[PDB]
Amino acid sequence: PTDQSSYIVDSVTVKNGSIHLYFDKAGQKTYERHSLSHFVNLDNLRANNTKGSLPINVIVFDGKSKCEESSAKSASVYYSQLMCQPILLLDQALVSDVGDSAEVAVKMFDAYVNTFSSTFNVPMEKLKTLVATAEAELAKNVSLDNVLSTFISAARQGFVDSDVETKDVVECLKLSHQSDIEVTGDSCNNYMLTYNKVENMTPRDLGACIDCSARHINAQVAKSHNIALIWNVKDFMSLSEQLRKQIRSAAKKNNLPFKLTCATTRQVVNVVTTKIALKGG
């Protein structure tokens, strides 16, 4: 029994700004984890869409309507091929009482605080006051980016280097929570597996790579030396969504750690790595 194209979501559970979607795969109970943010507005997960792409491998439909379910199952034959993964078909009835903007934002913020605390080794007692202010402000409908930025600027003293910008920590936290990416304060390398070829990059992707001095590393040279791919958050974000996903999946294929950093310092080239250049020269 191979990985079909879609699976029906039977049940749902929420905890720490994340949702679990439960399905039966060849008689074994399984789940996929997604950030709660994709479930505030369900329209982005409907098969009709407005762009023709899904932010996650999930299709929301109305289980009360026969056509919506069958249409979504048909649509997931296309998206499964486009995304190179099966699609989870979720009835909108399972995600009725999930959250309410701020309600979900407070769950998000609490997850940001845990990643900030464990990344910069900051004791939770030192943040107690700044967390209380931040949570009472989110309930006042003060933007999450404002509350997060205000929190980081105040909480950063003595834990984050003066060289790193608050905005880069903010993006690291947000992204870390969206795609479950490890965050570090360590020097980046902007190393990329040889699998992601220059020939298949767009001018924006090749140029962005050359701009951040991205280097190519061979999968085996990286595996045997236990090399982690550490990208600067800004540099990584200058890349396309497709390229960002490809770099990460290639690292996961070879069991290589993938991390985002808020640091701008580069780690010393101690391994045989070739700088990404234009196909000609």
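Sequential numbering from 1, following the sequence displayed.
Taking the recorded C-alpha temperature factors, which stretch has the higher mean, 106-114 or 92-100? Stretch with the higher mean C-alpha B-factor: 92-100.
On mean C-alpha B-factor from the PDB entry, just flag whether 268-276 or 254-262 is the higher one. Looking at the recorded C-alpha B-factors, 268-276 comes out higher on average.
Looking at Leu173, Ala75, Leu148, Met124, which one carries the largest C-alpha B-factor according to the PDB entry? Comparing C-alpha B-factors across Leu173, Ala75, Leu148, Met124, the top value belongs to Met124.
With respect to the C-alpha temperature factors reported in the PDB entry, which of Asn57, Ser35, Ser238, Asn49 ranks highest? By C-alpha B-factor in the record, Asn49 ranks first.
How does the C-alpha B factor of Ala219 compare with the rest of the chain: lowest, middle or highest third? Its C-alpha B-factor belongs to the highest third of this chain's values.
Sorting by Cα B-factor within the chain, modelled residues only, which third would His177 end up in: lowest, middle or highest? For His177, whose C-alpha B-factor we compare with every modelled residue in the chain, the answer is the lowest third.
Divide the modelled residues of the chain into thirds by Cα B-factor and specify which third, lowest, middle or highest, holds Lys234. Lowest third.
Going by the entry, which third of its chain does the Cα temperature factor of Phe120 land in? Answer is middle: the recorded C-alpha B-factor places it there.
Would you mind ranking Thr129 by its C-alpha B-factor against the rest of the chain and naming the third, lowest, middle or highest? It falls in the top third of the chain.
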